[PDB]
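K.L.:
File name data_31.cif; file contents mmCIF, C-alpha atoms; full text below.
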```cif
data_coords
loop_
_atom_site.group_PDB
_atom_site.id
_atom_site.type_symbol
_atom_site.label_atom_id
_atom_site.label_comp_id
_atom_site.auth_asym_id
_atom_site.auth_seq_id
_atom_site.Cartn_x
_atom_site.Cartn_y
_atom_site.Cartn_z
ATOM 1 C CA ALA A 3 140.447 120.347 175.723
ATOM 2 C CA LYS A 4 142.790 122.779 177.464
ATOM 3 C CA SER A 5 143.065 124.460 174.067
ATOM 4 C CA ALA A 6 139.405 125.545 174.271
ATOM 5 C CA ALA A 7 140.122 127.415 177.513
ATOM 6 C CA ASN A 8 143.304 128.936 176.106
ATOM 7 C CA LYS A 9 141.832 129.865 172.711
ATOM 8 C CA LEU A 10 138.973 131.645 174.412
ATOM 9 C CA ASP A 11 141.556 133.277 176.703
ATOM 10 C CA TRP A 12 143.822 134.679 173.961
ATOM 11 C CA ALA A 13 140.845 135.641 171.802
ATOM 12 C CA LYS A 14 139.569 137.516 174.856
ATOM 13 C CA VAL A 15 142.977 139.164 175.360
ATOM 14 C CA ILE A 16 142.576 140.480 171.809
ATOM 15 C CA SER A 17 138.928 141.365 172.610
ATOM 16 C CA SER A 18 140.250 143.144 175.689
ATOM 17 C CA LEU A 19 142.395 145.044 173.180
ATOM 18 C CA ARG A 20 139.120 146.357 171.752
ATOM 19 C CA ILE A 21 138.002 147.708 175.150
ATOM 20 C CA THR A 22 139.890 150.195 177.372
ATOM 21 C CA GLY A 23 139.594 150.705 181.126
ATOM 22 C CA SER A 24 140.384 147.031 181.528
ATOM 23 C CA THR A 25 144.150 147.285 181.521
ATOM 24 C CA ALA A 26 144.794 144.564 184.118
ATOM 25 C CA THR A 27 142.013 142.076 183.307
ATOM 26 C CA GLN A 28 144.281 140.566 180.656
ATOM 27 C CA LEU A 29 147.161 140.460 183.159
ATOM 28 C CA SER A 30 145.008 138.267 185.427
ATOM 29 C CA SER A 31 144.222 136.097 182.374
ATOM 30 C CA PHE A 32 147.963 135.848 181.645
ATOM 31 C CA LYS A 33 148.507 134.616 185.217
ATOM 32 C CA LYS A 34 145.780 132.011 184.735
ATOM 33 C CA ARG A 35 147.566 130.850 181.575
ATOM 34 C CA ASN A 36 150.887 130.710 183.440
ATOM 35 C CA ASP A 37 149.660 128.525 186.282
ATOM 36 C CA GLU A 38 147.698 126.352 183.817
ATOM 37 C CA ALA A 39 150.962 125.758 181.978
ATOM 38 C CA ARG A 40 152.619 125.228 185.376
ATOM 39 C CA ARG A 41 150.308 122.427 186.470
ATOM 40 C CA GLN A 42 150.948 120.424 183.342
ATOM 41 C CA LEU A 43 154.729 120.668 183.803
ATOM 42 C CA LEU A 44 154.245 119.922 187.507
ATOM 43 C CA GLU A 45 152.398 116.797 186.455
ATOM 44 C CA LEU A 46 154.994 115.852 183.838
ATOM 45 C CA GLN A 47 157.825 116.326 186.336
ATOM 46 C CA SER A 48 156.237 113.770 188.663
ATOM 47 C CA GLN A 49 157.942 110.986 190.526
ATOM 48 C CA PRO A 50 155.184 108.294 190.941
ATOM 49 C CA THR A 51 154.258 107.955 194.632
ATOM 50 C CA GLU A 52 155.284 104.299 195.036
ATOM 51 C CA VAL A 53 158.842 103.130 195.594
ATOM 52 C CA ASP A 54 160.320 100.734 193.070
ATOM 53 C CA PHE A 55 160.502 97.368 194.715
ATOM 54 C CA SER A 56 160.303 95.102 191.679
ATOM 55 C CA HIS A 57 163.756 95.945 190.525
ATOM 56 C CA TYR A 58 164.978 98.417 193.081
ATOM 57 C CA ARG A 59 164.191 96.310 196.184
ATOM 58 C CA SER A 60 165.628 93.190 194.643
ATOM 59 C CA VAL A 61 168.669 95.384 193.943
ATOM 60 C CA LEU A 62 169.143 96.011 197.650
ATOM 61 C CA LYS A 63 170.407 92.991 199.547
ATOM 62 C CA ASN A 64 170.213 94.868 202.864
ATOM 63 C CA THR A 65 166.422 94.985 202.460
ATOM 64 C CA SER A 66 164.776 95.699 205.748
ATOM 65 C CA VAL A 67 164.349 99.388 205.016
ATOM 66 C CA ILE A 68 162.629 99.092 201.651
ATOM 67 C CA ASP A 69 159.790 97.383 203.449
ATOM 68 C CA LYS A 70 159.965 100.279 205.925
ATOM 69 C CA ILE A 71 159.795 103.147 203.445
ATOM 70 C CA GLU A 72 157.297 101.190 201.353
ATOM 71 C CA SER A 73 155.040 100.946 204.348
ATOM 72 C CA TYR A 74 155.697 104.588 205.207
ATOM 73 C CA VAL A 75 154.825 105.667 201.670
ATOM 74 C CA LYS A 76 151.700 103.550 201.595
ATOM 75 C CA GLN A 77 150.825 104.861 205.064
ATOM 76 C CA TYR A 78 151.030 108.524 204.081
ATOM 77 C CA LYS A 79 149.533 107.671 200.655
ATOM 78 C CA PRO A 80 146.783 110.363 200.822
ATOM 79 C CA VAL A 81 149.798 112.722 201.049
ATOM 80 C CA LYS A 82 147.541 115.657 200.376
ATOM 81 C CA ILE A 83 143.790 115.337 200.375
ATOM 82 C CA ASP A 84 141.228 116.669 197.898
ATOM 83 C CA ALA A 85 140.452 120.329 197.435
ATOM 84 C CA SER A 86 137.605 122.047 195.723
ATOM 85 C CA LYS A 87 137.683 125.536 197.217
ATOM 86 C CA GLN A 88 136.350 127.164 194.071
ATOM 87 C CA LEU A 89 132.693 126.438 194.664
ATOM 88 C CA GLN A 90 131.792 129.278 197.019
ATOM 89 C CA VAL A 91 134.020 131.864 195.468
ATOM 90 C CA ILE A 92 133.286 130.740 191.923
ATOM 91 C CA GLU A 93 129.484 130.957 192.365
ATOM 92 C CA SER A 94 129.551 134.345 194.101
ATOM 93 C CA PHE A 95 131.882 135.672 191.417
ATOM 94 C CA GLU A 96 129.594 134.239 188.775
ATOM 95 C CA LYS A 97 126.604 136.145 190.183
ATOM 96 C CA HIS A 98 128.257 139.596 190.091
ATOM 97 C CA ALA A 99 129.807 138.828 186.719
ATOM 98 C CA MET A 100 126.555 137.514 185.248
ATOM 99 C CA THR A 101 124.569 140.520 186.443
ATOM 100 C CA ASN A 102 127.026 142.936 184.904
ATOM 101 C CA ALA A 103 127.406 140.851 181.710
ATOM 102 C CA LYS A 104 123.677 140.747 180.980
ATOM 103 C CA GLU A 105 123.298 144.462 181.777
ATOM 104 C CA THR A 106 126.058 145.399 179.314
ATOM 105 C CA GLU A 107 124.691 143.018 176.681
ATOM 106 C CA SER A 108 121.149 144.381 176.905
ATOM 107 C CA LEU A 109 122.389 147.972 176.909
ATOM 108 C CA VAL A 110 124.483 147.728 173.757
ATOM 109 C CA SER A 111 121.892 145.585 171.923
ATOM 110 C CA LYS A 112 119.258 148.219 172.765
ATOM 111 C CA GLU A 113 121.480 151.020 171.504
ATOM 112 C CA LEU A 114 122.128 149.168 168.240
ATOM 113 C CA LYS A 115 118.433 148.993 167.338
ATOM 114 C CA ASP A 116 117.871 152.565 168.531
ATOM 115 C CA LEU A 117 120.574 153.740 166.126
ATOM 116 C CA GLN A 118 119.115 151.579 163.357
ATOM 117 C CA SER A 119 115.772 153.337 163.839
ATOM 118 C CA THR A 120 117.403 156.797 163.987
ATOM 119 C CA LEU A 121 119.306 156.096 160.777
ATOM 120 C CA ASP A 122 116.035 155.168 159.110
ATOM 121 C CA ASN A 123 114.420 158.366 160.467
ATOM 122 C CA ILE A 124 117.113 160.500 158.836
ATOM 123 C CA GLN A 125 116.698 158.733 155.498
ATOM 124 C CA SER A 126 112.942 158.780 154.955
ATOM 125 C CA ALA A 127 112.141 162.195 156.284
ATOM 126 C CA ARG A 128 114.529 165.075 156.128
ATOM 127 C CA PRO A 129 113.818 168.632 154.961
ATOM 128 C CA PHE A 130 116.818 169.447 152.812
ATOM 129 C CA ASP A 131 115.269 169.766 149.358
ATOM 130 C CA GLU A 132 113.098 172.487 150.882
ATOM 131 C CA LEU A 133 113.926 173.931 154.223
ATOM 132 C CA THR A 134 112.295 176.889 155.928
ATOM 133 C CA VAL A 135 113.384 178.309 159.294
ATOM 134 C CA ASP A 136 109.847 177.597 160.365
ATOM 135 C CA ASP A 137 110.561 173.899 159.949
ATOM 136 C CA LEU A 138 113.709 174.088 162.081
ATOM 137 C CA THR A 139 111.996 176.281 164.644
ATOM 138 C CA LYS A 140 109.219 173.713 164.795
ATOM 139 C CA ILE A 141 111.434 170.666 165.217
ATOM 140 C CA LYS A 142 113.908 172.455 167.506
ATOM 141 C CA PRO A 143 112.975 175.455 169.680
ATOM 142 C CA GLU A 144 116.766 175.516 170.271
ATOM 143 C CA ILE A 145 116.813 177.670 167.117
ATOM 144 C CA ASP A 146 114.627 180.392 168.657
ATOM 145 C CA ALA A 147 116.405 180.095 172.020
ATOM 146 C CA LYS A 148 119.767 180.803 170.435
ATOM 147 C CA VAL A 149 118.287 183.577 168.242
ATOM 148 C CA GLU A 150 116.781 185.271 171.279
ATOM 149 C CA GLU A 151 120.001 184.941 173.244
ATOM 150 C CA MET A 152 121.894 186.568 170.370
ATOM 151 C CA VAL A 153 119.471 189.506 170.152
ATOM 152 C CA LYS A 154 119.864 189.847 173.912
ATOM 153 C CA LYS A 155 123.645 189.602 173.501
ATOM 154 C CA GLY A 156 123.641 192.489 171.035
ATOM 155 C CA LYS A 157 126.043 190.798 168.670
ATOM 156 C CA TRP A 158 124.772 190.136 165.181
ATOM 157 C CA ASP A 159 127.913 188.324 164.053
ATOM 158 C CA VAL A 160 127.639 184.621 164.711
ATOM 159 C CA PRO A 161 130.446 182.304 163.504
ATOM 160 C CA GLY A 162 128.483 179.446 162.021
ATOM 161 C CA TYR A 163 127.204 181.485 159.111
ATOM 162 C CA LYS A 164 130.617 182.117 157.629
ATOM 163 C CA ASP A 165 132.339 179.015 158.958
ATOM 164 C CA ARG A 166 131.197 176.710 156.132
ATOM 165 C CA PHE A 167 128.109 178.491 154.899
ATOM 166 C CA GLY A 168 129.136 181.352 152.654
ATOM 167 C CA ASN A 169 129.818 184.964 153.362
ATOM 168 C CA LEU A 170 130.235 186.756 150.086
ATOM 169 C CA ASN A 171 130.196 190.453 150.626
ATOM 170 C CA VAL A 172 130.736 193.517 148.469
ATOM 171 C CA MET A 173 133.824 194.448 150.442
ATOM 172 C CA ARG B 106 128.314 155.249 166.816
ATOM 173 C CA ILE B 107 126.985 151.883 165.549
ATOM 174 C CA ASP B 108 130.596 150.748 165.044
ATOM 175 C CA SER B 109 131.419 151.517 168.697
ATOM 176 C CA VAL B 110 128.298 149.657 169.879
ATOM 177 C CA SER B 111 129.010 146.480 167.843
ATOM 178 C CA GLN B 112 132.388 145.689 169.498
ATOM 179 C CA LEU B 113 130.719 145.773 172.917
ATOM 180 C CA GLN B 114 127.838 143.478 171.859
ATOM 181 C CA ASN B 115 130.136 140.560 170.980
ATOM 182 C CA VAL B 116 132.227 141.157 174.138
ATOM 183 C CA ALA B 117 129.232 141.004 176.486
ATOM 184 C CA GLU B 118 128.427 137.316 175.934
ATOM 185 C CA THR B 119 131.941 135.951 175.402
ATOM 186 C CA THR B 120 133.570 137.690 178.378
ATOM 187 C CA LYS B 121 131.218 135.830 180.709
ATOM 188 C CA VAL B 122 132.676 132.643 179.185
ATOM 189 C CA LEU B 123 136.316 133.620 179.955
ATOM 190 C CA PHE B 124 135.354 134.812 183.430
ATOM 191 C CA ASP B 125 134.061 131.316 184.239
ATOM 192 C CA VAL B 126 136.901 129.554 182.357
ATOM 193 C CA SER B 127 139.600 131.330 184.373
ATOM 194 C CA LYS B 128 138.043 130.335 187.703
ATOM 195 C CA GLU B 129 137.558 126.771 186.362
ATOM 196 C CA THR B 130 141.271 126.617 185.565
ATOM 197 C CA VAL B 131 142.137 127.803 189.125
ATOM 198 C CA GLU B 132 140.238 124.797 190.493
ATOM 199 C CA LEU B 133 142.442 122.461 188.410
ATOM 200 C CA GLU B 134 145.593 123.897 189.996
ATOM 201 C CA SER B 135 144.222 123.091 193.474
ATOM 202 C CA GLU B 136 144.160 119.439 192.501
ATOM 203 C CA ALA B 137 147.665 119.835 191.066
ATOM 204 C CA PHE B 138 148.856 120.623 194.604
ATOM 205 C CA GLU B 139 147.721 117.153 195.669
ATOM 206 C CA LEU B 140 149.975 115.784 192.951
ATOM 207 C CA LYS B 141 152.875 117.977 194.118
ATOM 208 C CA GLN B 142 152.925 116.432 197.588
ATOM 209 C CA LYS B 143 152.839 112.968 195.983
ATOM 210 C CA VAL B 144 155.787 113.904 193.737
ATOM 211 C CA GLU B 145 157.795 115.000 196.766
ATOM 212 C CA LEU B 146 157.219 111.847 198.816
ATOM 213 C CA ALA B 147 158.386 109.632 195.989
ATOM 214 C CA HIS B 148 161.483 111.685 195.285
ATOM 215 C CA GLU B 149 162.566 111.580 198.933
ATOM 216 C CA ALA B 150 162.005 107.851 199.114
ATOM 217 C CA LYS B 151 163.996 107.265 195.911
ATOM 218 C CA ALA B 152 166.899 109.335 197.176
ATOM 219 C CA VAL B 153 167.226 107.487 200.485
ATOM 220 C CA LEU B 154 166.879 104.201 198.597
ATOM 221 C CA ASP B 155 169.683 105.300 196.299
ATOM 222 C CA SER B 156 171.848 106.063 199.348
ATOM 223 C CA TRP B 157 171.126 102.613 200.742
#
```
Would you mind writing the file's structure down as structure tokens?

P.N.:
Amino acid sequence: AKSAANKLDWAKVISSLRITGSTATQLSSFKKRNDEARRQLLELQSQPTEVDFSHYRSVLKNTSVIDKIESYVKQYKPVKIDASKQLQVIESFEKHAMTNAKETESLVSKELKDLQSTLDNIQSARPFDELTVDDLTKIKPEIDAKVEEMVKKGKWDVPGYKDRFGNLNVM
Amino acid sequence: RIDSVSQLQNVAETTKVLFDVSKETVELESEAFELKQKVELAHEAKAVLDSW
């Protein structure tokens, strides 16, 4: 139905809520909804192409003009001819869209499983019931790099030791 | 981080659906134009016929 298109549209407006940097995608969607609603009211407004000639010709007694406008109406009966213009623009659009869609999909799926693995890595191995600076130096040489930079700096106060880790002192 | 990732996963498939759907709808309005010219011709004819 039309309701499938529109349900997916408004669901996607509310999905577009859950993504930023897409502040006018939904405004395009709103326009598509508008004109979709417009074509149905256009179609409901309709005056059927044919003239009435059952009643409304037998009404006129001066009839020599109802045959005229009947023939003019039936002459210009393909009043406007067929259009499918969305077949070159829709396919091109679909290619760029598809490419990007699959890229995004694959990227976020990949990240999900990467994070799953990382979460598992933190749980089953973690030195925290025994931790030596040798173990942190071994897993991160960032430790020694920062230590060396601090010795070079000639400042032996580092906030990070007293900023959550204790600092009891006699004074 | 997983929470952030999950929103995007569901989006990635479904957005491709709306993208298509919107363009599909636009095609329907083209055909609606054909109707509009039909509507006009009838109205004009009815009006003249009313005058007669």

K.L.:
Please report the interatomic distance between atom CA of residue B:146 and atom CA of residue B:133 in Å with one decimal.

P.N.:
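Distance reported for this atom pair: 21.0 Å.
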
K.L.:
Enumerate as a list in words the residues belonging to chain A that approach chain B to within 6 Å, with all atoms listed in the file taken into account.

P.N.:
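Result: residues 41, 48, 49, 51, 81, 82, 88, 103, 107 and 110 of chain A.
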
K.L.:
What is the distance, in Å and to one decimal place, between atom CA of residue A:32 and atom CA of residue A:12?

P.N.:
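Between these atoms lies a distance of 8.8 Å.
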
K.L.:
For a test of reading the model, state the distance in Å between atom CA of residue A:104 and atom CA of residue A:21, rounded to one decimal.

P.N.:
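Atom CA of residue A:104 sits 17.0 Å away from atom CA of residue A:21.
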
K.L.:
Starting from the PyMOL selection byres ((chain A and resi 75) around 8), expand the selection into actual residues of this file and give them as a VMD selection string.

P.N.:
(chain A and resid 51 to 53 71 to 74 76 to 79) or (chain B and resid 146 to 147 150)
